[PDB]
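Asker: Structure below; questions to follow.
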Amino acid sequence: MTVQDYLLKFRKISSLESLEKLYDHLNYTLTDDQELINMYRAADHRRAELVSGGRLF
């Protein structure tokens, strides 16, 4: 419990809508490269994981 990475919160996200929200939200908060570099990895992982995971009907 010695880590406070926002990536952990993104992983819990299931809806893609939250993606654009978490970005504009975190991007407006600090507006630093930190959230920019994190949102990029999380967004890519979530998108790649969903597409390279299992299609739902």
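Cβ: placed from backbone, ideal geometry, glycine included. Neighbour counts: every protein chain shown. Throughout, read-outs are computed from the coordinates displayed, never taken from laboratory work.
Asker: So how many residues does the stretch 13-57 have that are in a loop (DSSP other than H, G, I, E, B) and loosely packed, with under 13 Cβ neighbours inside 10 Å?
Answerer: As a first pass, look at the stretch 13-57 and keep what is in a loop (DSSP other than H, G, I, E, B): 13-16, 30-32, 52-57.
Adding the requirement that they be loosely packed, with under 13 Cβ neighbours inside 10 Å leaves 14-16, 30-32, 52-57.
Selection size over the stretch 13-57: 12.
Asker: Going through the stretch 10-37 one residue at a time, which ones are within 17 Å of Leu50 (Cα to Cα) and without any contact (Cβ under 8 Å) to a residue 24 or more places away in the chain? If you could, list the steps in order and put the result at the bottom.
Answerer: Filtering the stretch 10-37 down to residues within 17 Å of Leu50 (Cα to Cα) leaves 10-20.
Once the filter is applied, which keeps residues that are within 17 Å of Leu50 (Cα to Cα) and without any contact (Cβ under 8 Å) to a residue 24 or more places away in the chain, the stretch 10-37 yields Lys12, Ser14, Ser15, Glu17, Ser18, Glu20.
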